[PDB]
Amino acid sequence: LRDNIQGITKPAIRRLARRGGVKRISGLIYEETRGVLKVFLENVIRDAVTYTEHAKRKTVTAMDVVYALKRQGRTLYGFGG
Amino acid sequence: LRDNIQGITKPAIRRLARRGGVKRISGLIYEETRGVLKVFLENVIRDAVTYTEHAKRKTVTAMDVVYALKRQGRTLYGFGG
Amino acid sequence: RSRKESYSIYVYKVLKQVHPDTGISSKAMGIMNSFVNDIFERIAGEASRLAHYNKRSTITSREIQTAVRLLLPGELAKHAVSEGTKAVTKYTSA
Amino acid sequence: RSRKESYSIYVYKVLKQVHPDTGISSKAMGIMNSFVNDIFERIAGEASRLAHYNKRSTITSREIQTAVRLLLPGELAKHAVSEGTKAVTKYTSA
Amino acid sequence: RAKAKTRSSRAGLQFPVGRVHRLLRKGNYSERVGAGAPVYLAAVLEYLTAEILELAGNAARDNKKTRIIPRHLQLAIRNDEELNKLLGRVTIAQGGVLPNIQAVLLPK
Amino acid sequence: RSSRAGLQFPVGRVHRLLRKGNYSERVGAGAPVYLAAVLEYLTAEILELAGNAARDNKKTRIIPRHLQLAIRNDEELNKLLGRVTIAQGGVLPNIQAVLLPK
Amino acid sequence: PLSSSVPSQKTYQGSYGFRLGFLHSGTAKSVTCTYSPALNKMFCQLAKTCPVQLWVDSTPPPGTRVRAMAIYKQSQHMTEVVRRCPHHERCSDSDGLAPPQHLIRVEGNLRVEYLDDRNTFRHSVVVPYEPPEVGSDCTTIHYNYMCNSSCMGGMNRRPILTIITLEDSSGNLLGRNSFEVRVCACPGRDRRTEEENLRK
Amino acid sequence: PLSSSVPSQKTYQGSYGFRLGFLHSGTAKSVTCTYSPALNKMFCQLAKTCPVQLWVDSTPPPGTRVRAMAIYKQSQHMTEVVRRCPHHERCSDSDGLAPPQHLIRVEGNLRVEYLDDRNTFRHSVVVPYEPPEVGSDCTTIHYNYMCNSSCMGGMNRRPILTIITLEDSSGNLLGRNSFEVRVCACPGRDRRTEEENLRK
Amino acid sequence: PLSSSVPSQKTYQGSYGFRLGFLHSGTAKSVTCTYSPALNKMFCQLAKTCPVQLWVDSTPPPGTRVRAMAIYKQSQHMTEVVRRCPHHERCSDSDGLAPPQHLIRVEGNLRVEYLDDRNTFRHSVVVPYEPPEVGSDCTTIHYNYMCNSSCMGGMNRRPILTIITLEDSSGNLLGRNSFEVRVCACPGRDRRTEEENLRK
Amino acid sequence: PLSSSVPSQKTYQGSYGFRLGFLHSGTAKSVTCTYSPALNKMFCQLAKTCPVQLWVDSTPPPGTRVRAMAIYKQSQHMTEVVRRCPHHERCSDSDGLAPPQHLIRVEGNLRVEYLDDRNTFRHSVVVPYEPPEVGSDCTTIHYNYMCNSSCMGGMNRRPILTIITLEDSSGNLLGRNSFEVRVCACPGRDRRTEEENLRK
Amino acid sequence: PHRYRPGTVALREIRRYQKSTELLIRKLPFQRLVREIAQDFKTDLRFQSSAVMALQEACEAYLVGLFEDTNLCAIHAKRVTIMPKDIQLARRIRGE
Amino acid sequence: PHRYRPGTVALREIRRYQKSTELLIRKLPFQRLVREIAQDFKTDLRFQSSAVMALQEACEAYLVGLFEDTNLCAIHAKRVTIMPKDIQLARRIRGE
DNA sequence: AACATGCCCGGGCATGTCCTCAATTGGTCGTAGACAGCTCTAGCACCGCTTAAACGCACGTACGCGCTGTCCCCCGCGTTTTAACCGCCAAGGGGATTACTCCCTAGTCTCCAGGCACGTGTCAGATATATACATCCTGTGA
DNA sequence: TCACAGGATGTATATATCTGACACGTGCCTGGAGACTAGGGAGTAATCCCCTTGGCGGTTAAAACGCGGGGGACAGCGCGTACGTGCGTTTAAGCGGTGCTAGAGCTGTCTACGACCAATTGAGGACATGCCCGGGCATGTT
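Residues numbered from 1 in each chain as written, not as in the entry; some residues may be left out. Chains lettered and ligands numbered in written order. Heavy atoms only, no water. Residues with missing side-chain atoms left out of burial classes, pairs and counts.

The name that the PDB entry assigns to chain G is Cellular tumor antigen p53, with the source organism given as Homo sapiens. The title field of the PDB entry reads "p53 bound to nucleosome at position SHL-5.7 (non-crosslinked sample)".

So, in structure tokens, the structure goes:
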């Protein structure tokens with residue numbers, strides 16, 4: 001797999017910001033958002049995978065994602081926990 | 001006693017902003033700072049006293065303050081703990 | 001069959017005592033379970049640290065009553081403290 | 001009379017391995033005791049949750065190795081894991 | 001043999017006092033757990049559960065629903081200033097957000 | 001004893017602490033060995049950087065100020081200790097470029 | 001008793017680049033021998049093994065010998081002969097080679113010779129010099145010190161210097177070094193204290 | 001060496017009502033001699049004056065003599081002969097009346113005698129008895145102790161009992177008493193320490 | 001040297017009601033002799049006039065004599081003979097009647113005798129008794145003390161008691177008293193200091 | 001007694017560049033020995049070690065000697081022989097080498113010789129000269145002074161000069177120096193007092 | 001024709017996207033981004049749909065909460081438009 | 001006379017106070033403020049000097065840390081001077 | 001009366017040994033994990049059709065950025081006042097430690113209900129689709 | 001800038017179908033409760049030491065207040081680019097099965113590991129015991 005960071009579309013970045021109450025945009029936001037998103041998502045994946053390897057599994061479950069988020073101060077409700 | 005918030009003096013507030021690298025400080029900062037500091041102290045002291053009451057002591061120790069700080073997301077080294 | 005404990009039942013009895021003509025979606029239910037587990041881990045964890053700090057073996061109503069005041073805002077703490085007091089007071093009286 | 005637990009002996013010893021000529025103030029020794037007790041509580045607390053989550057009965061070098069990799073930044077993790085691996089390897093042979 | 005009465009029934013609670021006594025006394029929290037401790041905590045959990053469900057049921061009627069959905073839990077938790085501290089870092093699935101639009105963005 | 005693993009940090013104090021603290025019922029004997037190696041390694045990293053910081057200030061002795069500087073001059077330790085306050089630590093001499101005279 | 005002369009203590013590396021070295025022992029309890037580079041001082045327990053290394057820049061000839069002698073560090077005491085205290089002089093701890101009264105012994109070497117010098121009344125212990133074994137940069141001699149520095153009627157809390165001389169088959173000088181010695185119950189504690197006082 | 005026997009310490013007032021007494025000295029850190037009734041124990045500096053009072057219910061016959069002897073208080077060591085350590089044995093501190101090796105001396109009295117017992121190997125010092133002055137109630141003998149209790153090769157920190165015996169012209173036992181003795185550099189500090197440890 | 005015995009010091013007024021008295025001198029800095037009833041003690045300068053009054057209830061028989069002798073107040077020193085120190089012993093200050101080494105002299109009395117006792121080695125000075133003169137209830141003898149209490153090799157800061165005895169023609173005892181003596185450079189200062197310490 | 005002559009006190013460095021030196025000791029109240037360059041004076045306790053350094057520009061011949069002698073500083077007293085006081089002369093403190101009456105001794109040195117001059121009655125102590133090691137600039141002789149300056153019948157508070165002379169094996173004068181000496185109980189207190197009087 | 005004034009659609013969209021609850025990123029694009037990241041740490045890793053939805057909702061929540069703080073930083077600078085400087089400032093203030 | 005054109009001292013104070021470690025608040029008044037607050041929760045409380053030391057260091061670190069973020073908000077508004085609204089923003093971004 | 005000068009006890013430090021606690025060593029007993037096997041669910045991959053979203057381009061206005069001006073606010077410096085800081089002392093309270101006594105919790109064994117899982121149907125709810133009405137936004141007119 | 005008309009979007013109302021939830025029933029599987037016994041923990045009281053709180057005095061620092069000038073902040077105006085909105089076209093996703101394998105989850109059996117208990121030695125700090133110098137008094141000269 002390559003370049004799926006471009007799968008995070010410009011309108012999708014619009015809609016996320018619109019939910020956040022954002023009214024008007026500079027085109028620099030799209031590339032900066034993708035970098036910030038990649039860093040947050042990578043940090044969660046790395047913890048989730050680490051739980052998965054500890055349990056000696058091949059498959060990441062929601063509980064692994066839940067614990068990976070939770071420790072960063074991000075308690076997630078609705079996927080088990 | 002009473003009226004010790006006035007004991008958080010103006011040049012001392014200046015010095016704390018000098019560590020924060022602040023080049024110029026507006027006159028309204030000193031009261032805003034006092035109110036913010038008072039909220040912080042109230043939250044720390046209330047938790048510390050709750051630890052001291054639980055142990056049935058009358059004397060707040062460094063450990064009581066250290067635990068009260070720790071749970072507010074702020075760990076303090078060098079005072080025991 | 002293998003069994004997993006969930007709070008869906010008691011969550012869907014508490015609602016019937018508050019809004020008898022309403023129900024809960026499976027996802028809202030799942031949220032109320034993670035909320036219970038979270039608050040449970042928080043209170044149990046703090047009651048554990050209180051016993052540890054005081055170098056003492058037993059968790060009691062006191063360690064929980066102190067953990068509650070530490071974790072909840074003051075308005076919620078007083079009401080939760082009231083209910084916890086009444087439950088233990090009745091349980092020991094009955 | 002009373003006696004206390006601290007790491008001052010070992011902090012003093014480690015300092016002599018990195019800078020044999022250098023002393024340490026009691027205030028700095030105090031910081032070092034907090035640092036050790038903090039990192040310990042984090043690793044012990046995290047290893048405890050790994051064991052709880054997998055419903056295993058014991059903390060091993062595996063739970064500690066994983067909690068370290070979860071708590072430390074990547075570079076510190078590599079070296080910490082290498083030292084823990086050597087320690088267990090040597091201890092097993094000794 | 002006396003016929004069984006559950007500790008939940010004895011305390012007048014709905015939450016399961018035995019499960020809570022298990023979750024406290026085993027699973028690495030404590031050296032010992034006294035019998036009043038599970039009762040106290042079941043009441044506490046029951047109270048906070050009832051508060052969230054009371055507020056969420058109102059948000060459901062405000063939407064002419066009879067079924068509580070994740071949106072209604074989010075609305076209850078953010079509208080209540082105290083719940084918004086207790087759960088201030090929690091993320092809720094399909095929660096949505098409050099209709100907060102900053103005044104400087106409005107037309108004039 | 002500590003000389004078995006070659007560590008300066010006391011394994012059995014760690015072993016006893018892991019038996020209490022309610023972390024677990026039980027322990028594998030490699031666990032305190034592994035953890036002692038980690039706490040000692042991290043202790044060495046801080047004290048080595050702190051001794052260099054003392055030498056930069058031309059002092060023969062480490063004081064809390066020298067720990068504060070040493071921790072922040074390594075961004076890994078700065079992330080590990082991002083929410084820690086140091087007694088008599090002071091702060092970094094950082095001045096934002098927009099403030100300097102021009 | 002007193003002596004007719006004072007031995008020379010001056011450091012002299014000579015034609016062979018003669019120097020001394022010591023082991024990297026710790027400062028823990030029950031430690032037998034530990035050396036301080038900062039103080040040029042050895043701390044050891046009574047009768048225990050005290051390793052001293054001999055270092056050279058080139059190898060001395062065969063028939064070279066190594067001699068150890070103790071003198072009091074303070075100039076007014078220098079003419080008194082350092083010896084064991086009367087209690088340890090009487091106790092039955094001789095190894096069959098060392099005289100009862102000598103403060104310094106060498107262990108593990110059958111070519112050892114103990115001299116009570118006819119002209120100076122000084123005690124000294126002598127062994128042949130040997131070049132390092134294969135894989136070594138230095139030659140190690142194991143000394144034993146047979147009284148605590150605090151022994152009354154012996155060293156009586158006065159510090160001593162051990163003088164080491166490299167010399168030919170006639171005793172002519174080839175090289176010389178010296179170090180201070182404290183023989184005490186807790187070498188670790190005392191070494192730490194004296195090293196810590198150096199920063200005060 | 002070891003003795004063939006252990007002297008009896010058992011108090012025996014006899015036909016004359018023989019008993020001991022001691023002075024009311026203070027507890028100043030470095031006081032010369034002081035005594036504790038609570039411990040039945042004397043604390044004194046080496047070679048300093050140690051006054052012991054002799055009390056009787058009736059006056060013994062002329063030719064009666066008073067003897068002092070030392071034994072170790074701990075049962076394990078009772079068979080060893082209490083004597084000066086090898087250092088103080090060699091020092092030139094004899095007064096022209098006492099042998100070099102005896103632990104106890106009497107000062108002031110020209111008629112003193114010292115015995116090394118051929119049968120038991122024990123050491124003891126003896127003087128003629130003398131009655132009090134008219135209006136006085138006791139006779140004072142002044143002893144000196146010639147080694148600290150801590151001396152290595154001698155007492156070696158082991159506590160001792162001084163045994164006092166009233167005897168006829170031939171050495172026959174007329175009466176007997178005993179007290180514990182510590183010979184030390186700071187009798188007041190040590191006496192207070194032991195008296196405080198009596199409450200613990 | 002040491003004496004074979006100790007003189008008696010017990011007060012004994014006897015058949016004649018014997019006792020001692022002293023002048024009401026002040027405590028000024030230039031005073032040569034002064035006495036303290038509170039301490040039973042005389043303070044005086046070396047070689048200066050020291051009046052001692054003799055009091056009686058009835059007049060002793062003709063041929064009665066008065067003797068003065070010095071002994072050390074502390075019991076361990078009582079067997080040592082009180083005498084002048086080696087310096088004042090060698091100096092040329094004799095009056096033609098007193099031997100060089102005697103501590104106490106009597107001035108103004110040609111009938112004086114000085115005794116170095118062949119059996120006890122004690123020094124003493126003796127004069128005939130004479131009844132009081134017109135206007136006095138007592139007879140005054142003028143003593144001189146020939147070393148300071150502090151003199152090294154002599155009294156060496158040890159306090160002394162002057163013993164006065166009233167005696168018959170054979171030297172048998174008719175009465176006895178005693179007083180403490182300090183021979184010093186500033187009697188008024190010293191008397192005031194010791195009387196002030198009596199409230200501390 | 002009085003001498004027939006007064007020794008020359010004039011400084012003379014001679015062919016070997018002879019000079020004296022002294023240690024940089026402070027003025028702690030009871031320091032054992034301390035020297036003042038401003039007064040050219042040594043302050044020291046009785047019988048304690050007094051290190052005097054000997055400085056030369058070139059090494060004197062073998063058989064060279066160093067002599068010490070004492071004279072009174074005041075011209076009224078220069079003809080009197082400086083000696084110990086009659087007390088310290090009688091006391092038994094001879095070290096097996098020094099006569100009882102000599103004021104100055106040398107400690108530690110076995111080759112010392114003591115002279116009571118038949119023609120001048122002056123006391124003096126002599127030792128052979130010894131050179132330092134090739135990187136050390138001076139040789140230390142350790143004198144002892146066996147009476148306080150304040151001893152009555154001896155120095156009697158009169159100041160003294162110590163004269164040091166270098167000599168050949170026949171006694172011919174190779175060099176000479178001198179310094180004032182005060183023998184006292186608190187050398188630091190006294191040195192500070194006399195140096196403070198140098199501003200009064 | 002009609003045409004809106006530049007900048008007025010936003011207030012409807014703000015209300016709509018604040019009021020509705022569905023996910024704002026499409027499933028397949030996000031799923032592949034997760035796999036593209038994770039392969040860098042371990043090949044052949046495999047995934048539960050619940051896990052991927054869990055990751056997505058955390059990412060949308062993180063970005064939405066970031067965008068609100070970013071918006072306030074822009075308002076504080078009295079701007080109408082958000083910029084990378086606003087993103088950078090908010091993140092730095094939170095210690096990220 | 002001579003007097004400073006302003007701000008060079010301010011940069012020197014920044015250098016000096018960033019270099020030093022000691023308390024910048026007064027030693028005694030803060031201790032009375034702790035008592036004034038604490039008595040609201042319970043009377044007759046007693047205070048270890050180490051406990052008050054811990055409160056001071058925590059409050060200074062909090063305030064200094066707050067002043068760093070306040071400084072950045074001000075730079076973002078392109079101002080030289082900090083303002084109450086800078087403090088309110090940083091706090092609000094930080095979830096207070 | 002002020003200074004000259006010696007001597008003894010105290011504070012503190014110097015230096016050898018003891019007591020308490022952990023490690024080491026060894027043995028015994030039970031539980032958990034490891035290892036192996038089996039069964040089913042979920043995941044992954046593939047294909048087709050339909051719609052939505054996304055992407056690119058075109059056209060216009062709003063916002064951003066820069067520049068300029070005026071006033072207010074803060075800094076800098078000096079002087080005066082107030083409290084802090086430092087040093088030392090006194091008394092009481094609280095905390096800590098030790099010993100003893102009773103209650104509470106844990107552990108063990110046995111029986112019944114509670115909870116959970118699975119299945120079915122209905123109702124309700126929600127979702128999806130269509131129509132009508134109201135509100136908001138933009139342009140036109142003065 | 002203010003009021004009215006037209007266009008577009010949102011909200012409200014009505015109808016039909018499917019799924020989810022709820023309810024009910026049945027069955028199954030521990031889990032919880034009930035009862036009894038044993039050991040430790042916690043609670044209470046007494047004693048001892050350290051720390052905190054409170055008080056007093058002196059000296060300097062810090063804080064507070066005032067005045068003058070400069071810099072910054074805030075407001076206003078102008079010009080250009082960027083972004084927004086709309087339209088058309090293209091691409092991918094979403095939705096809905098179809099097919100196969102790997103892993104996940106669970107169960108069974110045996111070995112090792114960990115815990116628990118007892119006896120012997122070393123680590124670590126506290127205590128045991130002696131010498132120096134300083135403080136200050138004791139004693140003499142001018």
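Q: Would you take a moment to explain the overall build of chain G for this structure?
A: Looking only at helices and strands, chain G features two helices and 11 strands. When its helices and strands are written in sequence order, chain G yields β-β-β-β-β-α-β-β-β-β-β-β-α. By the compact-globule yardstick of 16 Å for 200 residues, chain G fits well, its C-alpha radius of gyration being 16 Å. Partitioning the intrachain contacts of chain G with sequence separation of at least 6 by distance along the chain shows that 66% fall at a separation of at least 24. (Helix = DSSP H or I, 4+ residues; strand = E, 2+ residues; numbered from the N terminus. Rg over C-alpha atoms; globule rule 2.2 N^0.38 Å. Contact = heavy atoms within 4.5 Å.)

Q: What exactly am I supposed to notice about the overall build of chain E here?
A: Helix and strand counts for chain E come out as five helices and three strands. Put simply, chain E runs from its N terminus to its C terminus through helices and strands in the order α-α-β-α-β-α-α-β. At 20 Å, chain E has a C-alpha radius of gyration far larger than the 13 Å of a compact globule built from 108 residues. For the C-alpha atoms alone, the extent of chain E along its principal axes is close to 75 × 35 × 20 Å. When burial is assessed residue by residue, chain E has 50% of its 108 residues classed as buried. (Buried < 20%, exposed > 50% of the residue type's maximum accessible area, 1.4 Å probe, protein only.)

Q: I tried to follow the arrangement of the chains on my own but got confused; where do I start?
A: One finds no contact linking chain D with chain J; the least C-alpha distance across the pair is 30 Å. Taking C-alpha atoms as the reference, chain G and chain K come no closer than 41 Å and do not contact one another.

Q: Would you take a moment to explain the UniProt feature "binding site: Zn(2+)" in chain G for this structure?
A: Residue and element names in this part refer to chain G. Residues given the UniProt feature "binding site: Zn(2+)" here are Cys-85, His-88, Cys-147 and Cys-151. Sequence-wise these annotated residues cover 67 residues; spatially they are packed, their C-alpha atoms never more than 9.1 Å apart. In this structure, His-88 sits in helix 1 (residues 86–90). Along the polypeptide, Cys-147 turns up in the loop between strand 9 (139–145) and strand 10 (160–167). (UniProt positions renumbered as here; feature names shortened; annotations may be inferred.)

Q: Would you mind showing me how to read the sheet that holds strand 7 (residues 113–116) of chain J here?
A: Residue and element names in this part refer to chain J. With mixed pairing, seven strands are arranged side by side in an open sheet as 2-3-11-10-5-8-7. A strand with exactly one partner marks an edge of an open sheet, and here the two such strands are strand 2 (33–36) and strand 7. Each adjacent strand pair in this sheet contributes to an overall mean axis angle of 25°, direction not counted. (Pairing = 2+ DSSP bridges. Axes fitted to C-alpha atoms, helices over the stretch in contact; angles between N-to-C directions.)

Q: Explain the interface of chain E and chain F to me, please; I cannot follow it from the model alone.
A: Bring the parts together and some accessible area is lost; that lost area is often taken as the interface size. Facing the four residues of chain E at the interface are four residues of chain F. A breakdown of the residues in the side of chain E that touches chain F according to their chemical character gives one nonpolar, two polar and one charged. (Nonpolar A, V, L, I, M, F, W, Y, C, P; charged D, E, K, R; others polar.)

Q: Is there a simple way to think about the pattern of salt bridges in this case?
A: Pairs can form between side chains of opposite charge whenever their charged atoms are close. Salt-bridge contacts for A:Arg71 lead to D:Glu46; the nearest nitrogen and oxygen are separated by 2.8 Å. Of this pair, A:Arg71 sits in the loop between helix 3 (62–70) and strand 3 (76–77) while D:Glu46 is found in helix 2 (residues 26–53), placing the two residues in two different chains. Salt bridges sharing common partners tie together K:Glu68, K:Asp69, K:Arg91, K:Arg94, K:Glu96 and L:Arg92. (Salt bridge = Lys/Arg side-chain N within 4 Å of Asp/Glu carboxyl O.)

Q: Sorry if this is basic, but what is going on with the packing of aromatic side chains here?
A: Within a pair of aromatic rings, the relevant descriptors are the distance that separates the centres and the angle that separates the planes. Pairing C:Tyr10 with E:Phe15 gives two aromatic rings, centres 6.2 Å apart and planes at 40°, and the pair type is tilted. With C:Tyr10 in helix 1 (residues 8–18) and E:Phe15 in the loop between helix 1 (7–11) and helix 2 (17–25), this residue pair bridges two chains. On the numbers, 5.8 Å between centres and 85° between planes, the contact of D:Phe40 with F:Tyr23 is edge-to-face. In this pair, D:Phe40 sits in helix 2 while F:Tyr23 sits in the loop between helix 2 (11–19) and strand 1 (26–27), so the two residues belong to two different chains. Ring-pair connections join several aromatic residues into one group, and the members of that group are A:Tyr51, A:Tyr67 and D:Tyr53. Note that B:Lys10 overlies the ring of B:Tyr30, its terminal NZ or CZ placed 5.2 Å from the centroid. (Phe/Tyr/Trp six-rings, centres within 6.5 Å; stacked < 30°, edge-to-face > 60°. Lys NZ or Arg CZ within 6 Å of the ring centre and 35° of its normal.)

Q: Looking at this model, I keep getting lost on the pairing of strand 3 (residues 41–44) of chain H. Mind explaining?
A: Walk down a regular strand and you will see the side chains alternate between the two sheet faces. Residues and elements named next belong to chain H. Looking at chain direction, strand 2 (residues 33–36) and strand 3 are connected through four bridges and run antiparallel. Directly across from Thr-34, in strand 3, lies its bridge partner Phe-43. The hairpin formed by strand 2 and strand 3 contains four residues between the paired strands, and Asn-40 there has a positive phi angle of roughly 50°. The pairing of strand 3 with strand 11 (residues 173–183) spans four bridges and is classified as parallel.

Q: I tried to follow the interface of chain E and chain C on my own but got confused; where do I start?
A: Taken together, the contact between chain E and chain C spans 53 residues of the former and 54 residues of the latter. Looking at the side of chain E that touches chain C, the elements that each hand over two or more residues are helix 1, helix 2, strand 1 (32–33), helix 3 (36–62), strand 2 (67–68), helix 4 (70–79) and helix 5 (83–86) of chain E. Of the residues contributing to the side of chain E that touches chain C, the split by class is 32 nonpolar, nine polar and 12 charged. Where strand 2 (residues 58–59) of chain C lies against strand 1 of chain E, two bridges are found, and the strand directions are parallel. Across the sheet, C:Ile59 pairs through a bridge with E:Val33, a residue of strand 1 of chain E.

Q: I tried to follow the packing of helix 3 (residues 61–71) of chain D against helix 3 (residues 30–56) of chain F on my own but got confused; where do I start?
A: As a packed pair, helix 3 of chain D and helix 3 of chain F sit with axes 8 Å apart at the nearest point and diverge in direction by 30°. In this view, helix 3 of chain D runs roughly parallel relative to helix 3 of chain F, as classed from their interaxial angle. Contacts between helix 3 of chain D and helix 3 of chain F pair D:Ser61, D:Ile64, D:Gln65 and D:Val68 from the former with F:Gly30, F:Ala31, F:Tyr34, F:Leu35 and F:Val38 from the latter. (Parallel < 35°, antiparallel > 145°, perpendicular 65-115°, else oblique.)

Q: Mind showing me how you'd approach helix 3 (residues 49–76) of chain L here?
A: Its 28 residues place the ends of helix 3 of chain L 41 Å apart at the C-alpha level, agreeing with the 40 Å of an ideal helix rising 1.5 Å per residue. Among the residues trailing helix 3 of chain L, L:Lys78 stands out with phi positive, at a value near 60°. (Expected span 1.5 Å × (residues − 1).)

Q: I tried to follow the sheet that holds strand 11 (residues 173–183) of chain G on my own but got confused; where do I start?
A: Backbone-to-backbone hydrogen bonds join strands into a sheet, with any given pair of strands oriented parallel or antiparallel. Residue and element names in this part refer to chain G. Taken in spatial order, the seven strands of this open sheet run 2-3-11-10-5-8-7, and their pairing is mixed. The strands lining the two open edges of the sheet, one partner per strand, are strand 2 (33–36) and strand 7 (113–116). Neighbour-to-neighbour, the strand axes of the sheet open up by a mean angle of 25°, direction not taken into account. Of the strand pairs in this sheet, strand 10 and strand 11 are connected by eight bridges, and their pairing is antiparallel.

Q: Is there a simple way to think about the environment of C:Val36 in this case?
A: As for its position among the elements, C:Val36 is in helix 2 (residues 26–53). As for C:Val36 and C:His52, which are separated by 16 residues in sequence, their C-alpha atoms are 24 Å apart. Residues within four places of C:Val36 in sequence aside, it is in contact with C:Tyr7, E:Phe15, E:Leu45 and E:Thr49.

Q: Hey, could you run me through the packing of helix 2 (residues 29–38) of chain L against helix 3 of chain L in this one?
A: Helix packing geometry: the angle between the two helix axes and the distance between the axes. Residue and element names in this part refer to chain L. The N-to-C vectors of helix 2 and helix 3 enclose an angle of 100°; their axes lie 10 Å apart at closest approach. As far as their axial angle goes, helix 3 and helix 2 are roughly perpendicular. Taken together, the residues of helix 3 that come into contact with helix 2 (itself represented by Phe-30, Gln-31 and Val-34) are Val-52, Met-53, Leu-55, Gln-56 and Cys-59. Class assignment of the residues belonging to the contact of helix 2 with helix 3 gives a composition of six nonpolar, two polar and no charged.

Q: What am I meant to see in the pairing of strand 9 (residues 139–145) of chain H here?
A: All names here are of chain H. Sheet topology places strand 4 (residues 50–55) next to strand 9; five bridges connect them, and they run antiparallel. Each residue of the ladder has a partner; that of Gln-53, found in strand 9, is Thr-140. Across three bridges, the pairing between strand 6 (residues 104–106) and strand 9 is antiparallel. When the sheet's bridge partners are listed, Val-106 is paired in strand 9 with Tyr-143.

Q: Explain the environment of E:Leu86 to me, please; I cannot follow it from the model alone.
A: Summarising the element assignment, E:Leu86 is placed in helix 5. With 81 residues separating them along the chain, E:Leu86 and E:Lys5 place their C-alpha atoms 34 Å apart. Apart from residues lying up to four places away in sequence, E:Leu86 is in contact with C:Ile39, C:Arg42, C:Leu71, C:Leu72, C:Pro73 and E:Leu48.

Q: Is there a simple way to explain unusual backbone geometry in this structure?
A: In this model, H:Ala47 sits at a positive phi of 70°, which is unusual for a non-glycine residue. Position of H:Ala47 relative to the elements: it lies in the loop between strand 3 and strand 4. Despite not being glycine, J:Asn156 shows a phi value in the positive range, around 55°. On the secondary structure map, J:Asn156 appears in the loop between strand 9 (138–145) and strand 10 (160–167).

Q: How do you make sense of the environment of E:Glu31 when you look at a structure like this?
A: Topologically, E:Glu31 is positioned in the loop between helix 2 and strand 1. Remark: the alpha-carbon pair of E:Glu31 and E:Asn63, spanning 32 residues in sequence, is separated by 48 Å. If sequence neighbours within four positions are ignored, E:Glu31 has contacts with C:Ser57 and F:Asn22.

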